[PDB]
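Q:
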Amino acid sequence: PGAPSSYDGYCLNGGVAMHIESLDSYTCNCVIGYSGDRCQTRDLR
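Using the numbering used here, the first residue of the sequence shown is number 456, and each one after it goes up by one.
#1: Looking only at its own chain, which residues have a Cβ that is under 8 Å from the Cβ of residue 408, when we skip the five neighbours before and after it?
#2: Terminal residues of the continuous beta strand (DSSP E) containing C483?
#3: Which stretch, first to last residue, makes up the beta strand (DSSP E) that contains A472?
#4: Exposed or buried, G470, counting other C-beta atoms within 10 Å across all chains shown (16 or more means buried)?
#5: In three-state terms, what does DSSP make of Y462?
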């Protein structure tokens with residue numbers, strides 16, 4: 456389970472590529488305003 460496999464064009468903005476194995480796998484930390492786990496929902500804040 457997870458998506459470490461490729462961290463290419465894996466984040467959209469805040470995208471601080473941090474392995475969240477902890478809870479799941481590899482993810483990005485998006486800005487306070489961009490979330491959804493990929494800063495794909497740039498909730499412009």
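From the three backbone atoms N, C-alpha and C, an ideal C-beta is built for every residue, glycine too.
A: Here's the rundown:
#1: Coverage of the chain is limited to positions 456 through 500, which leaves residue 408 absent and any answer about it impossible.
#2: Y481 to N484
#3: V471 to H474
#4: buried
#5: coil
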